[PDB]
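Data from target-v2.pdb: PDB, C-alpha atoms and all ligand atoms
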ATOM      1  CA  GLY A   1       0.000   0.000   0.000  1.00  0.00           C
ATOM      2  CA  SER A   2       0.910   3.753   0.186  1.00  0.00           C
ATOM      3  CA  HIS A   3       4.550   4.421   1.438  1.00  0.00           C
ATOM      4  CA  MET A   4       5.366   6.430   4.576  1.00  0.00           C
ATOM      5  CA  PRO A   5       8.611   8.412   4.509  1.00  0.00           C
ATOM      6  CA  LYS A   6      11.079   8.090   7.389  1.00  0.00           C
ATOM      7  CA  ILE A   7       9.621   9.986  10.368  1.00  0.00           C
ATOM      8  CA  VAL A   8      11.944  10.465  13.378  1.00  0.00           C
ATOM      9  CA  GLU A   9      10.034   9.937  16.628  1.00  0.00           C
ATOM     10  CA  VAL A  10      10.941  12.441  19.326  1.00  0.00           C
ATOM     11  CA  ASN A  11      10.495  12.023  23.095  1.00  0.00           C
ATOM     12  CA  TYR A  12       8.319  14.883  24.358  1.00  0.00           C
ATOM     13  CA  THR A  13       6.794  15.607  27.771  1.00  0.00           C
ATOM     14  CA  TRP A  14       3.436  17.279  27.027  1.00  0.00           C
ATOM     15  CA  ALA A  15       2.617  20.008  29.501  1.00  0.00           C
ATOM     16  CA  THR A  16      -1.192  20.133  29.135  1.00  0.00           C
ATOM     17  CA  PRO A  17      -3.709  17.485  27.988  1.00  0.00           C
ATOM     18  CA  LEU A  18      -3.718  16.754  24.271  1.00  0.00           C
ATOM     19  CA  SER A  19      -7.066  16.592  22.557  1.00  0.00           C
ATOM     20  CA  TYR A  20      -7.674  13.747  20.125  1.00  0.00           C
ATOM     21  CA  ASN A  21     -10.845  15.357  18.750  1.00  0.00           C
ATOM     22  CA  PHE A  22      -8.886  15.895  15.526  1.00  0.00           C
ATOM     23  CA  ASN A  23     -10.481  15.290  12.122  1.00  0.00           C
ATOM     24  CA  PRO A  24      -8.010  16.493   9.507  1.00  0.00           C
ATOM     25  CA  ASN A  25      -9.166  17.637   6.080  1.00  0.00           C
ATOM     26  CA  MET A  26      -6.372  20.229   5.408  1.00  0.00           C
ATOM     27  CA  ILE A  27      -2.575  20.455   5.407  1.00  0.00           C
ATOM     28  CA  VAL A  28      -1.089  23.846   6.409  1.00  0.00           C
ATOM     29  CA  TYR A  29       2.542  24.735   5.599  1.00  0.00           C
ATOM     30  CA  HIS A  30       4.720  26.812   7.962  1.00  0.00           C
ATOM     31  CA  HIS A  31       8.239  28.155   8.272  1.00  0.00           C
ATOM     32  CA  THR A  32      10.060  28.533  11.547  1.00  0.00           C
ATOM     33  CA  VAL A  33      11.725  31.911  10.824  1.00  0.00           C
ATOM     34  CA  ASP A  34      14.624  31.016  13.103  1.00  0.00           C
ATOM     35  CA  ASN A  35      17.251  28.530  11.880  1.00  0.00           C
ATOM     36  CA  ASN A  36      19.390  26.111  14.022  1.00  0.00           C
ATOM     37  CA  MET A  37      16.264  24.874  15.935  1.00  0.00           C
ATOM     38  CA  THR A  38      15.909  21.312  17.141  1.00  0.00           C
ATOM     39  CA  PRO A  39      12.357  19.958  17.588  1.00  0.00           C
ATOM     40  CA  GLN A  40      13.014  20.114  21.349  1.00  0.00           C
ATOM     41  CA  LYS A  41      13.771  23.886  21.074  1.00  0.00           C
ATOM     42  CA  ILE A  42      10.499  24.440  19.176  1.00  0.00           C
ATOM     43  CA  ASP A  43       8.720  22.452  21.906  1.00  0.00           C
ATOM     44  CA  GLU A  44      10.254  24.706  24.591  1.00  0.00           C
ATOM     45  CA  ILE A  45       9.082  27.878  22.807  1.00  0.00           C
ATOM     46  CA  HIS A  46       5.574  26.552  22.179  1.00  0.00           C
ATOM     47  CA  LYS A  47       5.311  25.652  25.876  1.00  0.00           C
ATOM     48  CA  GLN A  48       6.260  29.257  26.764  1.00  0.00           C
ATOM     49  CA  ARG A  49       3.383  30.364  24.539  1.00  0.00           C
ATOM     50  CA  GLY A  50       0.950  28.227  26.617  1.00  0.00           C
ATOM     51  CA  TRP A  51       0.670  25.250  24.283  1.00  0.00           C
ATOM     52  CA  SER A  52       1.159  21.693  25.442  1.00  0.00           C
ATOM     53  CA  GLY A  53       4.380  21.472  23.338  1.00  0.00           C
ATOM     54  CA  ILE A  54       5.473  21.598  19.702  1.00  0.00           C
ATOM     55  CA  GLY A  55       2.387  22.705  17.803  1.00  0.00           C
ATOM     56  CA  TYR A  56       3.309  21.249  14.395  1.00  0.00           C
ATOM     57  CA  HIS A  57       2.588  17.609  13.516  1.00  0.00           C
ATOM     58  CA  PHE A  58       5.886  17.460  11.552  1.00  0.00           C
ATOM     59  CA  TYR A  59       9.097  19.549  11.360  1.00  0.00           C
ATOM     60  CA  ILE A  60      11.395  19.214   8.341  1.00  0.00           C
ATOM     61  CA  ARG A  61      15.013  20.353   8.921  1.00  0.00           C
ATOM     62  CA  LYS A  62      17.331  21.650   6.199  1.00  0.00           C
ATOM     63  CA  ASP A  63      18.850  18.208   5.612  1.00  0.00           C
ATOM     64  CA  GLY A  64      15.355  16.800   4.877  1.00  0.00           C
ATOM     65  CA  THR A  65      14.973  14.987   8.223  1.00  0.00           C
ATOM     66  CA  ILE A  66      11.288  14.733   9.149  1.00  0.00           C
ATOM     67  CA  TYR A  67      10.697  14.926  12.897  1.00  0.00           C
ATOM     68  CA  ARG A  68       7.383  14.054  14.498  1.00  0.00           C
ATOM     69  CA  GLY A  69       5.857  16.808  16.628  1.00  0.00           C
ATOM     70  CA  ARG A  70       2.276  16.431  17.862  1.00  0.00           C
ATOM     71  CA  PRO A  71       0.932  12.922  17.622  1.00  0.00           C
ATOM     72  CA  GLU A  72      -0.622  12.288  14.192  1.00  0.00           C
ATOM     73  CA  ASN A  73      -4.080  11.863  15.798  1.00  0.00           C
ATOM     74  CA  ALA A  74      -3.903  14.871  18.154  1.00  0.00           C
ATOM     75  CA  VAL A  75      -5.027  18.459  17.676  1.00  0.00           C
ATOM     76  CA  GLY A  76      -1.934  20.725  17.138  1.00  0.00           C
ATOM     77  CA  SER A  77      -1.189  24.339  17.916  1.00  0.00           C
ATOM     78  CA  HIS A  78      -0.159  25.860  14.595  1.00  0.00           C
ATOM     79  CA  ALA A  79      -3.160  27.710  12.999  1.00  0.00           C
ATOM     80  CA  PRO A  80      -5.818  28.865  15.509  1.00  0.00           C
ATOM     81  CA  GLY A  81      -9.252  28.404  13.937  1.00  0.00           C
ATOM     82  CA  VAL A  82      -8.358  25.328  11.868  1.00  0.00           C
ATOM     83  CA  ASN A  83      -6.302  23.322  14.370  1.00  0.00           C
ATOM     84  CA  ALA A  84      -8.996  20.629  14.783  1.00  0.00           C
ATOM     85  CA  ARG A  85      -9.029  20.067  10.985  1.00  0.00           C
ATOM     86  CA  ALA A  86      -5.420  20.731   9.851  1.00  0.00           C
ATOM     87  CA  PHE A  87      -2.076  19.027   9.880  1.00  0.00           C
ATOM     88  CA  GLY A  88       0.708  21.499  10.431  1.00  0.00           C
ATOM     89  CA  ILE A  89       4.047  20.926   8.597  1.00  0.00           C
ATOM     90  CA  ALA A  90       6.873  23.286   9.462  1.00  0.00           C
ATOM     91  CA  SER A  91      10.105  23.695   7.464  1.00  0.00           C
ATOM     92  CA  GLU A  92      13.263  25.052   9.048  1.00  0.00           C
ATOM     93  CA  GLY A  93      14.037  28.511   7.590  1.00  0.00           C
ATOM     94  CA  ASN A  94      12.880  32.026   6.954  1.00  0.00           C
ATOM     95  CA  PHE A  95      11.552  31.774   3.393  1.00  0.00           C
ATOM     96  CA  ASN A  96      11.294  35.549   3.062  1.00  0.00           C
ATOM     97  CA  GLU A  97      15.132  35.343   2.711  1.00  0.00           C
ATOM     98  CA  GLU A  98      15.924  31.671   1.977  1.00  0.00           C
ATOM     99  CA  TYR A  99      14.712  28.925  -0.360  1.00  0.00           C
ATOM    100  CA  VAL A 100      13.771  25.408   0.771  1.00  0.00           C
ATOM    101  CA  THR A 101      16.626  23.005   0.269  1.00  0.00           C
ATOM    102  CA  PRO A 102      16.288  20.182  -2.265  1.00  0.00           C
ATOM    103  CA  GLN A 103      16.121  17.763   0.642  1.00  0.00           C
ATOM    104  CA  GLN A 104      13.307  19.760   2.238  1.00  0.00           C
ATOM    105  CA  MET A 105      11.414  19.736  -1.067  1.00  0.00           C
ATOM    106  CA  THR A 106      11.807  15.920  -1.352  1.00  0.00           C
ATOM    107  CA  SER A 107      10.573  15.468   2.225  1.00  0.00           C
ATOM    108  CA  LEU A 108       7.682  17.987   1.770  1.00  0.00           C
ATOM    109  CA  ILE A 109       6.375  16.037  -1.258  1.00  0.00           C
ATOM    110  CA  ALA A 110       6.808  12.585   0.285  1.00  0.00           C
ATOM    111  CA  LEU A 111       5.238  13.547   3.612  1.00  0.00           C
ATOM    112  CA  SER A 112       2.357  15.477   2.008  1.00  0.00           C
ATOM    113  CA  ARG A 113       1.483  12.597  -0.329  1.00  0.00           C
ATOM    114  CA  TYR A 114       1.612  10.180   2.631  1.00  0.00           C
ATOM    115  CA  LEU A 115      -0.900  12.300   4.582  1.00  0.00           C
ATOM    116  CA  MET A 116      -3.071  13.000   1.570  1.00  0.00           C
ATOM    117  CA  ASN A 117      -3.443   9.314   0.754  1.00  0.00           C
ATOM    118  CA  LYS A 118      -3.824   8.148   4.371  1.00  0.00           C
ATOM    119  CA  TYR A 119      -6.459  10.721   5.308  1.00  0.00           C
ATOM    120  CA  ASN A 120      -8.075  11.504   1.883  1.00  0.00           C
ATOM    121  CA  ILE A 121      -6.891  15.138   2.010  1.00  0.00           C
ATOM    122  CA  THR A 122      -6.938  17.348  -1.117  1.00  0.00           C
ATOM    123  CA  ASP A 123      -6.841  20.797   0.560  1.00  0.00           C
ATOM    124  CA  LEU A 124      -3.329  22.299   0.803  1.00  0.00           C
ATOM    125  CA  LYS A 125      -2.876  25.715   2.334  1.00  0.00           C
ATOM    126  CA  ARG A 126      -0.177  28.120   3.433  1.00  0.00           C
ATOM    127  CA  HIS A 127      -0.428  29.540   6.994  1.00  0.00           C
ATOM    128  CA  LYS A 128      -1.028  32.984   5.372  1.00  0.00           C
ATOM    129  CA  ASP A 129      -4.111  31.501   3.532  1.00  0.00           C
ATOM    130  CA  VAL A 130      -5.876  30.835   6.899  1.00  0.00           C
ATOM    131  CA  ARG A 131      -4.454  33.577   9.166  1.00  0.00           C
ATOM    132  CA  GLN A 132      -2.842  37.033   8.850  1.00  0.00           C
ATOM    133  CA  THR A 133       0.923  36.203   8.745  1.00  0.00           C
ATOM    134  CA  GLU A 134       3.841  36.204   6.306  1.00  0.00           C
ATOM    135  CA  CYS A 135       4.407  32.485   7.175  1.00  0.00           C
ATOM    136  CA  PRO A 136       5.571  30.327   5.316  1.00  0.00           C
ATOM    137  CA  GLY A 137       7.580  33.084   3.641  1.00  0.00           C
ATOM    138  CA  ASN A 138       7.644  34.654   0.194  1.00  0.00           C
ATOM    139  CA  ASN A 139       9.871  32.053  -1.417  1.00  0.00           C
ATOM    140  CA  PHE A 140       8.045  28.973  -0.024  1.00  0.00           C
ATOM    141  CA  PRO A 141       7.455  26.872  -3.170  1.00  0.00           C
ATOM    142  CA  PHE A 142       3.720  26.366  -2.684  1.00  0.00           C
ATOM    143  CA  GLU A 143       2.689  26.349  -6.353  1.00  0.00           C
ATOM    144  CA  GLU A 144       5.497  23.870  -7.155  1.00  0.00           C
ATOM    145  CA  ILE A 145       4.405  21.582  -4.248  1.00  0.00           C
ATOM    146  CA  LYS A 146       0.799  21.669  -5.516  1.00  0.00           C
ATOM    147  CA  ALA A 147       1.997  20.930  -9.091  1.00  0.00           C
ATOM    148  CA  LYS A 148       4.110  17.911  -8.024  1.00  0.00           C
ATOM    149  CA  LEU A 149       1.182  16.581  -5.949  1.00  0.00           C
ATOM    150  CA  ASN A 150      -1.318  17.153  -8.809  1.00  0.00           C
ATOM    151  CA  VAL A 151      -3.500  19.522  -6.717  1.00  0.00           C
ATOM    152  CA  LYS A 152      -5.280  22.407  -8.493  1.00  0.00           C
TER     153      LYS A 152
HETATM  154 ZN    ZN A 201       3.057  29.491  10.361  1.00  0.00          ZN
END

Using structure tokens, write down the structure that the file contains.
Ligand SMILES: [Zn+2]
Amino acid sequence: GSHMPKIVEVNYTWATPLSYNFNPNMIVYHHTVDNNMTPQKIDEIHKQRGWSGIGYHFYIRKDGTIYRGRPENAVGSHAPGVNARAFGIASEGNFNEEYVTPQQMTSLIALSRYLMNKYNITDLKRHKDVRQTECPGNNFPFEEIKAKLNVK
């Protein structure tokens, strides 16, 4: 059946109760702005902001490594107003000033197709499509991702 790319599991200690009332029908793409960040650093920041921990379901570093964030069946903390219906995929970088690496692109396509097939998702969105933000940055290759995934 449909292939799952390599997802690195990360040991988190969740501060507040996770909700599993999560029914995804959307994928939302993010950038981190700051570089150099481990998934554990993101988790620390999101906890400061009052979230249980890392708000993204997945975090893709510059070398293409895909780290798990929130459990795949839990509500995240990445796009208030669509969190109960959206996977959140963050890429390491500030794409107002950077481009995604080739390894990030490879991982973005493989991970998106995995989620789309597993959950019957066709709706791809940038953070800035659902909320007022510059995320995921001017250079984020959204139209190219949609083209490779055959989404109109
Ligand atoms: Zn964002």

### Message
Here is a test: counting all atoms listed in the file, which residue of A:117, A:13, A:150, A:103 is nearest to residue 70 (chain A)?
### Response
A:13

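For the structure in this document, the set picked by the PyMOL selection byres (((not hetatm)) within 10 of (chain A and resi 201)) is residues 28, 29, 30, 31, 32, 33, 56, 78, 79, 88, 89, 90, 91, 126, 127, 128, 130, 131, 132, 133, 134, 135, 136 and 137 of chain A.
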
Output file for the residues above (C-alpha atoms, as a CSV table (one decimal), in the coordinates of the input):
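Result file follows (out.csv):
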chain,number,residue,atom,x,y,z
A,28,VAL,CA,-1.1,23.8,6.4
A,29,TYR,CA,2.5,24.7,5.6
A,30,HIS,CA,4.7,26.8,8.0
A,31,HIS,CA,8.2,28.2,8.3
A,32,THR,CA,10.1,28.5,11.5
A,33,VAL,CA,11.7,31.9,10.8
A,56,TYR,CA,3.3,21.2,14.4
A,78,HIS,CA,-0.2,25.9,14.6
A,79,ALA,CA,-3.2,27.7,13.0
A,88,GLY,CA,0.7,21.5,10.4
A,89,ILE,CA,4.0,20.9,8.6
A,90,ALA,CA,6.9,23.3,9.5
A,91,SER,CA,10.1,23.7,7.5
A,126,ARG,CA,-0.2,28.1,3.4
A,127,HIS,CA,-0.4,29.5,7.0
A,128,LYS,CA,-1.0,33.0,5.4
A,130,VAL,CA,-5.9,30.8,6.9
A,131,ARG,CA,-4.5,33.6,9.2
A,132,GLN,CA,-2.8,37.0,8.8
A,133,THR,CA,0.9,36.2,8.7
A,134,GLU,CA,3.8,36.2,6.3
A,135,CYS,CA,4.4,32.5,7.2
A,136,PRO,CA,5.6,30.3,5.3
A,137,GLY,CA,7.6,33.1,3.6

### Message
Given only C-alpha atoms as the basis, pick out the residue of A:152, A:146, A:85, A:113 nearest to residue 24 (chain A).
### Response
A:85

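Closest to residue 38 (chain A) among A:76, A:69, A:1, A:102 is A:69, based on all atoms listed in the file.
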
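Taking only C-alpha atoms, the non-local environment of residue 71 (chain A) within 12 Å (same-chain residues fewer than 6 positions away omitted) comprises residues 7, 9, 10, 11, 12, 14, 18, 19, 20, 22, 52, 53, 54, 55, 56, 57, 58, 77, 87 and 88 of chain A.
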
### Task
Name the residues captured by the PyMOL selection byres (((chain A and resi 124) around 7) and not hetatm) when it is applied to the shown file; answer as a ChimeraX atom specification.
/A:26-28,122-123,125

### Message
Here is a test: counting all atoms listed in the file, which residue of A:101, A:83, A:21, A:120 is nearest to residue 2 (chain A)?
### Response
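The closest residue to residue 2 (chain A) is A:120.
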
#### Entry: Ref. answer, residues at most 9 Å from (1.3, 10.0, -0.2) with only C-alpha atoms, as a ChimeraX atom specification
/A:2-5,109-118,149

### Message
Give me the residues near residue 60 (chain A) as a list in words, where near means some atom within 9 Å (using all atoms listed in the file) and where sequence neighbours in that chain fewer than 2 positions away do not count.
### Response
residues 58, 62, 63, 64, 65, 66, 67, 68, 89, 90, 91, 92, 104, 107 and 108 of chain A

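Reported to one decimal place, the separation of CA of residue 39 (chain A) from CA of residue 15 (chain A) is 15.4 Å.
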
### Query
What is the distance, in Å and to one decimal place, between CA of residue 100 (chain A) and CA of residue 36 (chain A)?
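Distance between the two atoms: 14.4 Å.
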
### Task
Measuring atom to atom with all atoms listed in the file, identify which of A:16, A:73, A:25, A:94 is nearest to residue 138 (chain A).
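Among the listed residues, A:94 lies closest to residue 138 (chain A).
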
With 8 Å of padding per side, what axis-aligned box (centre and edge lengths, Å, one decimal) covers all the listed atoms of region 136-145 of chain A? Give it as AutoDock Vina command-line options.
--center_x 6.3 --center_y 28.1 --center_z -0.9 --size_x 23.2 --size_y 29.1 --size_z 28.5

### Query
Distance CA of residue 151 (chain A)-CA of residue 74 (chain A), one decimal place?
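Computing the Euclidean distance for CA of residue 151 (chain A) and CA of residue 74 (chain A) yields 25.3 Å.
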
### Query
Expanded to explicit residues, what is the PyMOL selection byres (((chain A and resi 139) around 7) and not hetatm) for this file, as a ChimeraX atom specification?
/A:95-96,98-99,137-138,140-141
